[PDB]
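Read the single chain below, which is given as structure tokens and is the form deposited in one PDB entry.
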């Protein structure tokens, strides 16, 4: 009973590898991976499935499921799956729910490690995870809805003045400081990941790229669209190592797209984008027509240089000290409680005006032998 108290404690700890959610995930996966007629020929499998069939159904009904949510509309669709604006039926609260195809996911081990670190850190600069669940086909992630839309949408609807770019860059800078302080490297900082909350304040979202830094403060191994990716990250794709400074390159790309209107290494092809990024010493140029302050040009260039000499290599203090961030509207300690330059007008809690309309799927193939397709997702379920 003393050893049983110690064992009953690990299972109660929600941050434990084997806990109630993990144990339930294990039993659900075991039932799913064995419920195939070819496998059912084995008496051990058929009998286990018979005993636990009814109870696994009862348990699946009590646990959080997709049916507990009302699908308002799709606000993003991709290769992975979609993002739905949903409302929890019982609490009546609106959330953003990403659906990941388990099948597509498997074609890419413990990938939610960084999601858990970020979820626990609970930074006001990072889009919050409330719950995560799963069914045979999908992985579900219930996130805080960011009704202000992303910075792709803001950029395509506004001509961004230096007062505005000075604010979003500072918020991205504090969000990246937060992520690095968790022992993480975002890896794919771009305006699709820059989401705006109910008041127009920025938060960084991780769409599966965040990685835990090793003892040396480095990562490895994905890119997708490269406009915001540093040369070191491109060159690593390979098993190459890079640090947190790869995220500061994306801040420079961001400041450029805000003030200029186009990405600094844009091209009609992906190859050309990749090339212009690698030859960034010759290809970086500001248009004559685009009027940009000396400090703005300076800051973009301090970030868009080789990792060795890039701004942020010494720390965040030199980025904050940069004269571009001299202003009469905010401080580095109070920026999030100051007036945001673009305040959203939201008539209802399901107002999705800042999101482009989408409106309107492959699965695992039935196995002959046990293959354990559900095994990699044991522990994904998150409840707090």
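C-alpha atoms forming the largest set that superposes within 1.5 Å between two forms make up the rigid core. Positions refer to the first chain, counted from 1.
Not on display, but discussed next: the form deposited in another entry.
The residue among 297, 77, 87, 313 whose Cα moves by 2 angstroms or more between the shown form and the other one, once the core is superposed, is 77. When two forms of a protein are overlaid on their rigid core, residues whose CA moves 2 Å or more are considered shifted, and residue 137 is not one of them between the shown form and the other one. Residue displacement note: residue 227 has its CA displaced by under 2 Å between the shown form and the other one (rigid core superposed). Taking 2 Å as the criterion, residue 114 counts as shifted between the shown form and the other one: its C-alpha moves by at least this amount when the rigid core is aligned.
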